[PDB]
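Asks: Chains as they are written, first to last, in the entry's author numbering: chain A, 38 to 134; chain E, 37 to 134; chain G, 13 to 118; chain C, 11 to 119; chain B, 21 to 102; chain F, 23 to 102; chain H, 28 to 122; chain D, 27 to 121.
Ideal Cβ positions, reconstructed from N, Cα and C, are used throughout, including at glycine.
My structure is below; once you've seen it, I'll send some questions.
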Amino acid sequence: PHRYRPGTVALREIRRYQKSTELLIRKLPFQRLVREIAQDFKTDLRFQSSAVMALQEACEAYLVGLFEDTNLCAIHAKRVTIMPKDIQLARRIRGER
Amino acid sequence: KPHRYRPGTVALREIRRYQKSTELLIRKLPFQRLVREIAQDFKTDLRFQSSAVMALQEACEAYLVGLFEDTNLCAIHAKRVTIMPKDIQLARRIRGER
Amino acid sequence: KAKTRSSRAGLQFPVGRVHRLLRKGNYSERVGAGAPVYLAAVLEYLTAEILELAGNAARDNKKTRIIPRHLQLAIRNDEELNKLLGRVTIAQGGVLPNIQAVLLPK
Amino acid sequence: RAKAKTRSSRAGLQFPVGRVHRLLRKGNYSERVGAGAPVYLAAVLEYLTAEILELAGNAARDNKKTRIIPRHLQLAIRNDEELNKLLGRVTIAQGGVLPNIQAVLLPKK
Amino acid sequence: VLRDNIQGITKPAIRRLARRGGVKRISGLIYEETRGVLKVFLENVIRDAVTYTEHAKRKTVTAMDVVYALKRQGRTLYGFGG
Amino acid sequence: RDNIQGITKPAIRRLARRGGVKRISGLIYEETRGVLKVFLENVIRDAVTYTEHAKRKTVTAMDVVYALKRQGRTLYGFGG
Amino acid sequence: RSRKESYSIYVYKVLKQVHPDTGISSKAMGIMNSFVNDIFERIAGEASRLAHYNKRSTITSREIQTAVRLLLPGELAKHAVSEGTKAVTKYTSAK
Amino acid sequence: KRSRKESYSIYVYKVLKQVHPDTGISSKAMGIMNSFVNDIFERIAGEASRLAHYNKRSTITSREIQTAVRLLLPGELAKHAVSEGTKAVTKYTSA
DNA sequence: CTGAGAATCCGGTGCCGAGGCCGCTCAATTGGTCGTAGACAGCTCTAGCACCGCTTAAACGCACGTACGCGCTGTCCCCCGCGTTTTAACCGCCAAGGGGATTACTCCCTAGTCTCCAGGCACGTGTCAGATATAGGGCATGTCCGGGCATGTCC
DNA sequence: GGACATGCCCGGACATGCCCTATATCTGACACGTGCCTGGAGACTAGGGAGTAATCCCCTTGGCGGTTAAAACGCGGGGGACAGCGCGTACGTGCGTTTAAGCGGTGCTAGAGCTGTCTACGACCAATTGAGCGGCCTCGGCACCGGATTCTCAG
């Protein structure tokens, strides 16, 4: 049957998700992860809805920006595929690693 | 034939030498002339304290050394050794200065 | 009759409120009469600039109501606003539709 | 009148409780300041000074130097993960940098 | 006690995040590093948020605590209070 | 004027060496000069702004220390 | 009946001044409030530090002006200083 | 005879003599120590003031200082500093 | 393996600035008084947590094709190292001036308090632009059909 | 050698379904009316921090030169940057499944939020003096220089 060329659908998805504003991380697993990490900081914590939404907005913005920088570093090396070493370089140059 | 080191041995020697010490590497007076020149483009007939120029010079060398560290790391990431302008531009872009 | 300092100044942000917020912010033991006027005036100016650009972006999008997306477009498209807000994340703002040239097909 | 003794001595600290208290009062931070806040602050400042000076002394003796110089302070700060984190955005004048060569730059046999 | 919730951050979610960041192709090995990075972010942000909560004599992390934590980490977030 | 040439090629090489680089392209020097100049424009701007607010005619070391601090890189050793 | 603090009515008046045909959503209003409060805190804090550094105990218009020049970019700083000066001069004349 | 200029030099020297009786200090290094202590002072006092403001608190106490120290200092450093501060404050209160 | 260039240590000699001492000085201390605010109780009332139910979009695993990261090879070019010539950096020394800081005098500007008022904020309510949904035009892109070219084979 | 029949490749029409444009519904979220009461506005008082004038000295600006380490230039070269090609392998893309993500309704109580009291706590001022800071001496840790020792390298 019909099959799209490698790259066209990836670009279509990039345009799609950069045009819109809905959150891309699932609510319930993000909340579960946040709560799991929290048990080791303070017991039986309760979290407001707007607090979990705040953590999710911050996390998605941070990851999107990090992926932007990672993509720029990969393309700089005449590559297209992002590597773990790309993430590590981006975070080291940003100064958190 | 006169003695000659292969490319790199002397480079490493100067790297070790200048990383061991802390004495300033950029000339005082040309930098001073540059700072006063750049400054008249903001305010004419401006004066500078000696310790002010030395502070600016210390800051500049620390900034350049850090930028060159990051540039070197980006070059090595690309399985390269020689740094080029696009390396500087990537380092400053990722730092958020551009 | 009572007439406010904003009314005498022809400005929209409240001189009294900015003054009270300065007095209660534990910033200084005294505050001059002109300082909150100046600060309020700068805030009107910046608000007018941001709303101007966001409205423009909304009209380009055939929208009559400004949304966070339009605010993000306004802040990131303007060189000086992006600099001023270089370390600021606007929620539900998204990113600019920017694609690197080398990634485009041949 | 009772003999005058300072709060720093009462607390077993070297940093001046009175001076830190005055700087808190005059730093436009709040209208009111508790008695224990400057004691706590002096204790934290003394602790950080003792650890940085300890490490700088270690580096100085490793270099067979008896006088602490900025180089030793920079080495001490950068050789400690927690101090390096705390001072991640601080440049020490006349401090230099840590000796470090990436493996890819070393010669090969 | 919740256990192994890190597996809830799925591969396609990280792929979508990369798409929004402009990434066209993603190695299979990317995911564990991304997960680690995410985890690191959470341990720092939540630590500050909970610290504020405990200072305020509260047991519920508030939106303002998180926004303030983000601000003091330089990643100021707009939309949940100033 | 011409004073940008006073930060000579060997000076940029020495700064780069302290930055740990082994080889330096010929195109590096102008780039470094531009970066350095921009940095100076921003720093000196803030310093002179502070100097003028104090109703002074000479930029002091403390003016520079405040400029560097607000730029996001605190400099130790010159007061404050 | 818990009174809060927002600039909603003033933002709406300025918007109607610049564009008397556009509305604003709740999320967008929250973003505008966060933005204005953030700028306020930044400018007031820099002015406070400026005053302390110079042994000044009063918040006056010169520190505000200098802080604006430090924080705002080129054209934004120039336009803001011009509008602030004209407005303060008109108020001072109006008393 | 110039104006009164305050510094921590004598206190840095006393702590140094406690931890290293036979070690000295150069003027440049002492200046670096003074810059460090003043910077930490500013960070802690500012964060404590902000913490107190956020919670509608008008008094500077030891809880905000300790919490600010925990926010700014790394893990084991925070634990040791908190332990020292609590012991010191309780001993002072005993007097 | 070994001569040569460079870094290192040991020793001698100088040197200059930090540590100690002294005099001055000003703010920390002690004491007391009085505003004040936040700790604790108590009441209210909001939504966070959990559960249940249902529907449906996404994850996942697998099959399959395929695009480029990496490795290898070839090329070339242009920066590193060394030698030669230059030149200004820096220390040394000396004049001069100007403004940062200090001290004194004045003055005027805002905290504080009082009194009155008005507009901004929950609450409520009207109402209308976009989310959701369905349908129609037009076109990008990989795919398959038809036509043309070319070389193989038989008489 | 001439005729025949097809294999194969490329160009164009086209299926698929993606983008874009139009419109009905509603609905809940955005825009507007109200009460009031607390924060904002008008006015008098005080006092202290800011504005302004005179000094000085020290801190900056300006100038000559030498001479030497650094800067500029010439040139050999070789190794690293860069282009080209193979590969295979791990990743993009399609499809069935289930798995849980997401929405609607209700529990209720832990916990967030608002208010009453007052007593410990901190602001504020007079007298004091002892810790803290400016100035001077010096000698010892550090800096400069010379030489033997050791490290390292490339032929």
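According to DSSP, is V101/A part of a helix, a strand, or is it coil?
Replies: Along the first sequence, read from residue 1 onward, the residue named residue 101/A stands at position 64. Helix, per DSSP.
Asks: Three or more C-beta pairs closer than 8 angstroms, one from the stretch 93-109 of chain G and one from the stretch 68-83 of chain H: is that the case here?
Replies: Contact fails: fewer than three Cβ-Cβ distances are below 8 angstroms.
Asks: I believe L62/F touches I29/F by the beta-carbon criterion, under 8 angstroms. Please report the beta-carbon distance rounded to the nearest angstrom.
Replies: Residue numbering aside, residue 62/F sits at position 40 when the sixth sequence is read from its first letter. Residue numbering aside, residue 29/F sits at position 7 when the sixth sequence is read from its first letter. That pair is no contact at about 11 angstroms.
Asks: In terms of DSSP beta bridges, what is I70/H paired with?
Replies: By 1-based counting over the seventh sequence, the position of residue 70/H is 43. Paired residues: none, contrary to the question.
Asks: When DSSP labels each residue in this structure, what does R45/B get in the three-state scheme?
Replies: Taking the fifth sequence and counting its residues from 1, one reaches residue 45/B at position 25. Three-state DSSP puts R45/B in a strand.
Asks: Give me the chain C residues within the contact set of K56/E, using Cβ-Cβ distance strictly less than 8 angstroms, ordered along the chain.
Replies: Working through the second sequence from its first residue, we reach residue 56/E at position 20. Under the 8 angstroms cutoff, chain C gives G106 and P109.
Asks: Determine the chain D residues that contact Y88/B at a beta-carbon separation under 8 angstroms, and present them in chain order.
Replies: The residue you call residue 88/B lines up with position 68 of the fifth sequence. Chain D residues near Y88/B: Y80.
Asks: Give the residues of chain E in contact with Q112/C, contact being defined as C-beta atoms less than 9 angstroms apart.
Replies: On the fourth sequence, position 102 is the one that residue 112/C refers to. Within chain E, the residues near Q112/C are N108, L109 and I112.
Asks: Hey, is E94/A's beta-carbon within less than 7 angstroms of any beta-carbon in chain G?
Replies: Numbered from its first residue, the first sequence carries residue 94/A at position 57. Yes, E94/A counts as interfacial toward chain G.
Asks: Just the C-alpha distance for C110/A and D123/A, rounded to the nearest angstrom, thanks.
Replies: Residue mapping note: residue 110/A aligns to position 73 of the first sequence, counting from 1. Residue mapping note: residue 123/A aligns to position 86 of the first sequence, counting from 1. So the alpha carbons of these two residues sit roughly 7 angstroms apart.
Asks: If the cut is a Cβ gap below 9 angstroms, which residues of chain D does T101/C touch?
Replies: On the fourth sequence, residue 101/C is found 91 positions in, with the first residue counted as 1. Near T101/C there are no residues of chain D at all, since even the closest Cβ is about 11 angstroms away, more than 9 angstroms.
Asks: By the 8 angstroms beta-carbon criterion, what residues does the stretch 74-87 of chain B contribute toward chain A?
Replies: Residues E74, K79, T80, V81, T82, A83, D85, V86 and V87.
Asks: Under 7 angstroms between C-beta atoms, does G56/B make it to chain A?
Replies: Numbered from its first residue, the fifth sequence carries residue 56/B at position 36. No, no contact with chain A.
Asks: Taking the CB atoms as reference points, tell me whether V117/A and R45/B lie closer together than 7 angstroms.
Replies: Residue 117/A sits at position 80 when you count from the first residue of the first sequence. Residue 45/B sits at position 25 when you count from the first residue of the fifth sequence. Against a cut-off of 7 angstroms, the Cβ pair of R45/B and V117/A comes out as a contact.
Asks: Within 6 angstroms: the Cβ of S109/H and any heavy atom of the ligand COA?
Replies: Summarising the ligand content, the structure contains no ligands, and the ligand COA is consequently not present.
Asks: Near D90/G, which residues of its chain fall below 7 angstroms by C-beta distance, leaving aside the five closest residues on each side in sequence?
Replies: Mapped onto the third sequence, residue 90/G falls at position 78. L65.
Asks: Give me the subset of the stretch 58-77 of chain E whose CB atoms are less than 7 angstroms from a CB atom of chain F, sorted by chain position.
Replies: So the close ones are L61, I62, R63, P66, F67, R69, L70, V71, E73, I74 and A75.
Asks: Out of curiosity, what's the CA-to-CA distance linking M56/H and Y98/B?
Replies: As a first step, residue 56/H is located in the seventh sequence; it is residue number 29 there, counting from the start. As a first step, residue 98/B is located in the fifth sequence; it is residue number 78 there, counting from the start. Answer to the nearest angstrom: the Cα atoms are 11 angstroms apart.
Asks: Measuring straight from C-alpha to C-alpha, what distance separates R42/E and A127/A?
Replies: On the second sequence, residue 42/E is found 6 positions in, with the first residue counted as 1. On the first sequence, residue 127/A is found 90 positions in, with the first residue counted as 1. Straight-line Cα distance between these residues: approximately 34 angstroms.
Asks: Report yes if the C-beta distance between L83/G and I111/G is below 7 angstroms; otherwise report no.
Replies: Sequence index remark: in the third sequence, residue 83/G carries index 71 (1-based). Sequence index remark: in the third sequence, residue 111/G carries index 99 (1-based). In this structure, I111/G does not lie closer than 7 angstroms to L83/G by Cβ.
Asks: Cα-Cα, which of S29/D, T112/D, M59/D and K27/D is closest to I36/D?
Replies: The residue you call residue 36/D lines up with position 10 of the eighth sequence. Comparing Cα-Cα distances from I36/D to each of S29/D, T112/D, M59/D and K27/D, the minimum goes to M59/D.
Asks: Along the chain, where does the alpha helix (DSSP H) that runs through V49/G open and close?
Replies: Here the question's residue 49/G lines up with position 37 in the third sequence. Element bounds for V49/G: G46 to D72.
Asks: Could you check whether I26/F and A75/E sit closer than 7 angstroms to each other, using their CB atoms as the reference points?
Replies: Start at 1 with the first residue of the second sequence, and residue 75/E comes out as number 39. Start at 1 with the first residue of the sixth sequence, and residue 26/F comes out as number 4. Cβ distance not < 7 angstroms, so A75/E and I26/F don't count as in contact.
Asks: Helix, strand or coil: how does DSSP classify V21/B here?
Replies: Stepping through the fifth sequence from its first residue, residue 21/B is reached at position 1. Three-state result, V21/B: coil.
Asks: Excluding the five sequence neighbours on either side, which residues of its own chain have a C-beta within less than 7 angstroms of the C-beta of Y72/B, listed in chain order?
Replies: Here the question's residue 72/B lines up with position 52 in the fifth sequence. Answer for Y72/B: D85, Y88 and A89, listed in chain order.
Asks: Going by DSSP, name the residue or residues bridged to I112/E.
Replies: Residue numbering aside, residue 112/E sits at position 76 when the second sequence is read from its first letter. According to DSSP, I112/E bridges with nothing at all.
Asks: In terms of residues, what are the limits of the alpha helix (DSSP H) holding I34/F?
Replies: Counted from its first residue, the sixth sequence places residue 34/F at position 12. First-last of the alpha helix (DSSP H) with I34/F: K31 to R40.
Asks: Looking at chain B, is there any beta carbon in it that lies within less than 7 angstroms of the beta carbon of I58/H?
Replies: Against the seventh sequence, residue 58/H aligns to sequence position 31. Yes, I58/H lies at the interface with chain B (some Cβ there is under 7 angstroms from its Cβ).
Asks: Please determine, among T58/E, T45/E, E50/E and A114/E, the residue with the shortest C-alpha to C-alpha distance to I79/C.
Replies: For the purposes of this step, residue 79/C is taken as the residue at position 69 of the fourth sequence. It is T58/E whose Cα lies nearest to the Cα of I79/C.
Asks: Counting along the chain, where does the beta strand (DSSP E) carrying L97/F start and finish?
Replies: On the sixth sequence, residue 97/F is found 75 positions in, with the first residue counted as 1. Here the beta strand (DSSP E) through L97/F covers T96 to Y98.
Asks: Taking the C-alpha atoms as reference points, what is the distance between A114/H and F67/H?
Replies: Counting from one through the seventh sequence, the residue named residue 114/H turns up at place 87. Counting from one through the seventh sequence, the residue named residue 67/H turns up at place 40. So the alpha carbons of these two residues sit roughly 18 angstroms apart.
Asks: State the Cα-Cα distance for the pair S18/G and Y39/H, rounded to the nearest angstrom.
Replies: By one-based count along the third sequence, residue 18/G stands at place 6. By one-based count along the seventh sequence, residue 39/H stands at place 12. Spanning the two alpha carbons is a distance of roughly 16 angstroms.
Asks: Applying a beta-carbon distance threshold of less than 7 angstroms, which residues of chain B neighbour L103/D?
Replies: Locating residue 103/D in the eighth sequence gives position 77, where the first residue counts as 1. Per Cβ cutoff of 7 angstroms: no residues; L103/D is ~14 angstroms from chain B at best.
Asks: When you compare the CB of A127/A with every CB in chain B, is at least one pair closer than 7 angstroms?
Replies: By 1-based counting over the first sequence, the position of residue 127/A is 90. Not closer than 7 angstroms to any Cβ of chain B, the Cβ of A127/A fails to qualify, so no.
Asks: At what residues does the alpha helix (DSSP H) containing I102/C begin and finish?
Replies: Here residue 102/C corresponds to residue number 92 of the fourth sequence, with the count starting at 1. No alpha helix (DSSP H) holds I102/C; the beta strand (DSSP E) holding it covers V100 to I102.
Asks: Interface residues of chain F around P80/C at Cβ under 8 angstroms?
Replies: If you number the fourth sequence from 1, residue 80/C lands on position 70. Chain F residues near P80/C: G99.
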